[PDB]
Structures are given as structure tokens and as C-alpha cells.
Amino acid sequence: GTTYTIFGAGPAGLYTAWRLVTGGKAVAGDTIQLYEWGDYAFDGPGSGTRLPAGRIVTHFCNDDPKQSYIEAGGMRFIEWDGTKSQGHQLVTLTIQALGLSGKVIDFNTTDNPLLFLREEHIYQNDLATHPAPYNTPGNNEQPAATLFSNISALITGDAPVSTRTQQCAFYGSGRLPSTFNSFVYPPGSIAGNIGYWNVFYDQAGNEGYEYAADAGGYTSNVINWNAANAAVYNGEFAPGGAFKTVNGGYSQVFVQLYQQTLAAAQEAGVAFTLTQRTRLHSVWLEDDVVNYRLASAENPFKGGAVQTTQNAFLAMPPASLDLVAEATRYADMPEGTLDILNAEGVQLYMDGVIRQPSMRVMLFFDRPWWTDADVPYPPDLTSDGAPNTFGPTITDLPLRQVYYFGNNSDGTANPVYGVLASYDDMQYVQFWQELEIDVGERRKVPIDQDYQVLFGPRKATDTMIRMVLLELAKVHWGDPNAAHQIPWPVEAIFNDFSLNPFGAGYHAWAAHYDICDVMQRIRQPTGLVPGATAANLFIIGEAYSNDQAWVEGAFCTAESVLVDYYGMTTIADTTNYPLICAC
């Protein structure tokens, strides 16, 4: 039979194993071996240290599956709309296939977020009469979205940028229009060779950029990423659609991928196993044969016996690839081998994304204190439309965004009310990291060896809780001393995605890359080594996808490999929806 070896039981790896079995590529007698460094709870309460999988982690208050929860990783999806060809098609199809469509609910955001900017409190609808305190004439009386759309249109000009295919084409062929007005960037410049922040800064000045970075929505990415992709993903014609979540958490999707793959494997006679607490240590090729070593979670740097497979999936992000590549980079490898991850073209293409650090603080309260009548600046979570919403509130602080989940349980547990506090960006990673150790304690774990998110959300220190409460007091009262009015959380925990093995909350395409060429060619890295024998060793996950903010991109890269390198029939309608960009 045929053995399929998957390293990483995150979304991409789990989706791959589920498609191989349910799509009927793995037949009776075949083997699927999934290896996961972490110890996720696939088999109910007590079967792991946190719910699955990777950067998706639903966290229930007190670890009570009947309680309110906060998504401590990825939190929402965009429902596929086939009449518009927009939304997370594989996520929507997979939820339906797993029998979970009945649990899909709206994730509603306020039309009138509170903005806390340079010590001013401005509800977004009021900007026409209370201009934002940024020296950016015109733009400061409009939501930041108006400035995003304006900058996008200065970059895209008259180019069609409405469909997914047109957007893909702009990544490679998009040029600044003949009308581009700049001292720095000539008209006709290749937009994919421009940094988004660099050109936003050129066109709107530091105050226009800072206003957009401080007051913009969650989904508009202002880091210095590929300007071609940034323009089409932040503009008027950016992909959109209805935001949804899975009632009871996103993690159940990954529990069901695993359990349904195992039930289908039993019916098909396929040997499907998950081996947790076990990492890929090193990988290399001998012609088409993938050689690899495993390491235990207890001793992650020491490899075991050399194993072989004809089919290997590296279902793991850049920082995780880096740790595997480090294990052979400096080694004296066997004669006739190819140290594939350290080949020059593979290392170059792996740098086709930049990294954004993220930290999430999850706080449960015994009452929804933010709704009290005497709160000076409450979040506007009701009407402004009709349904109830989760916020956010948006600020120029380290605590850059707040979501208010409240009691999102089925109502049978003792009511707790959840708040998600978001810290992001290179600017702030060093700010938040020192809050992770108690003020009475020295650091004990070397930072690059603290695999905190891999194990599960970590108890918030008293310093971290107090800092969050200070920032929420400034947001909702305008007085740091009001932190005394906020009740102490009944539970507070954090996920710091900058730590290994994740090394990032998010990846974004880099400037000075041909995005489509990286998306196409990085998946089978032997293609980036001139003269190499093809091998079925693949790189999959959201990082080198066309949907980097989303589980969708993990599923799409995995699907693209099954289609292109295993000849499988896709479950998607790709007519108007390329899984990854073509060049």
C-alpha cells in the first residue's frame, strides 16, 4: 500500500488527512500517519492540554465545556456565497460535510465602534462633528475605511480588482497608474515591489498612516507587506462577505475532522493514526525518497532513527519550518542527499512572507460591567442596525482592539461574560512579553523554548491583568483610576503567538516577490532546486496561501496539493475561485 506522512495536526494537516480518506485517494491497505508536536484534546475532556488545533483554540472558562468561551486563536469565518463567488468556500463546504452547518451563527460587529485615540473618545459615527486628533486634513472627519479605499484606488487606478482572479493578476502585473503622484514612486512602478506602509506613508503622510493604523478595522492589514496585495485586500473591492462563527467554538471543526477521518478510515480499511507529543526533527531527500527523524516533546532537539516515506506534508508555518531546517543546515549530510529546506531557492521563497506577532488576553467576568448605565463610554453593542454585536472598540494603545463576547454559552452554566483584548505588531511585542512573568519572579525558560501556545492558554499574571484593566478603564471611563470600578476577572489567560513554534500571529506576502510564483512553486520545494529529482514533499498551511488571515488559506493550499500532485478531484467550485493564484 501507500503511506502518507503528515507533520503538523493543525488545520492544514487535519484537512489533508480528511480529504485523503473521504475523497478516496487512500484505499484499503494504505496508511496516513499524522505527527503533532503538541498534545491537543481530540478525544474529549482530559485527552490533551487544550482543544485542537494549532493557532485555532477555543478556550472555555474553567475548561468547562458548558461554559462561555473566548476564541484564544482564530475566531470567525466568512460564509461562502456562490452567487457572488466570495467567502471561505472550503471552510463552508467542510463545516457542511462534517454535519456542523446547524451550529453556524452570525458574528456581528458594531457599525459604530468606540475609537479611543490620543486620549479622545469618539464613536466612529461622530467623526463628521468630532474630528479624530490626527493632523490629516479631510481624512480625520471620515472613518479610516475611506482613507484605506482612497489609497487602494491611488495604487490600482483603472485596473480591474473585483474578482479573486483579477486580484491574483494584480499581484504580478499590477502597476501604479500613469497618474500616480509621488516624489518616491514613479508612475508605472511594479506594485508588488513596493511596501504597503512605505507607499501609504508617501501618499498620506505619517499622520494619515497613523490614523489608518490606529482607527482602522480588524481585517485591513497596514504592516509593510506587498503593496499590490495590500491595495486589493484593503480597497473598496476587497473580498468580503458575511462573518459567521461556529456556536460552541471553531475548535470543534478540528475535533470533527480528526474523529470523522478516523471513523471513515475504519470503514475504508485505511490505517489513520495521530502520534502526539512527537515532532518532525529533521527532513531531507535521497532522490524521491523523503528521509526524516522524529523527536519527543520532552527532548525536542534530539532525533531518533532515520525513517523514510514517499509522501510527506509539512503542514506547519514558517517559524516551524525554520526549526526543522536548523537541524540540517549545519550538518554533514549523507552522500547523494538533498538538504531540501536549506536549498537557496527554498530559503528565498520561504522569505516571501513577513511575520506579524500577536498576543491575545482572554478575560471572563462575573457581570457585563461594560454595560452598566454609569460607564462614561460603553461599547455600542446593541442596535445601530438591529442585532446585538461583539464590538469591537478600537484604540491607539498597546491594547489595540477589544471584543465583548459576554455570555456565549447555551445559558445552563453559571453566567460568565468574556472579553478579548488584542495586542499586535512588531512595535508592541516587547511591551507585552514582560507582562508574562510575575513581578516577583525572574525569567526561568529561554524565550525561544517557551512553547506556550502549543501547551495552551497560560494563566495571566497579576501585572498582566492589572495592565488590561488600566487600559480598559482609560477606554471606557477616560480615567486610569476607574480600573478600581472593574471587577476582577474570574479567569484570565493569554496566548502569545510570537513564541515558537508559531513565531507569528499572521503572515503577509512580502514586497519584492512574485506572489503567484511563490504560491505555486513553494508547495513542492524540489521544483525550486534546479536539476533535483521531484519528490512528494510539500509545504502547506495558511502562510503561503491566498487567504493568509484565515483557516481558508490552510485548506486551500492543502487542497491545491491534493489536486495538482495527487490528481484528486476538488470539492470546491474553482470556476471563479482559484485555490491559489495562477501566474
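All residue numbers refer to positions in the sequence shown, first residue = 1.
Annotation for 538 to 546 versus 57 to 65: the higher mean temperature factor (C-alpha) is found in 57 to 65.
Mean CA temperature factor is higher for 568 to 576 when stretches 568 to 576 and 12 to 20 are set side by side in the entry. Within the listed group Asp339, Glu471, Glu335, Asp425, the record reports its top CA B-factor for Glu335. For the set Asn414, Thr328, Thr278, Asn229, the maximum C-alpha B-factor listed in the entry falls on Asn414.
Among the modelled residues of its chain, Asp214 has a C-alpha B-factor that falls in the middle third, as given in the PDB entry. Residue-level temperature factors show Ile194 in the lowest third of its chain, judged at the C-alpha atom. When the CA B factors of the chain's modelled residues are split into thirds, the value for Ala128 lands in the highest one. In this PDB entry, the Cα temperature factor of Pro52 sits in the middle third of its chain's modelled residues. In the PDB entry, a CA B factor belonging to the middle third of its chain's modelled residues is recorded for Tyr233.
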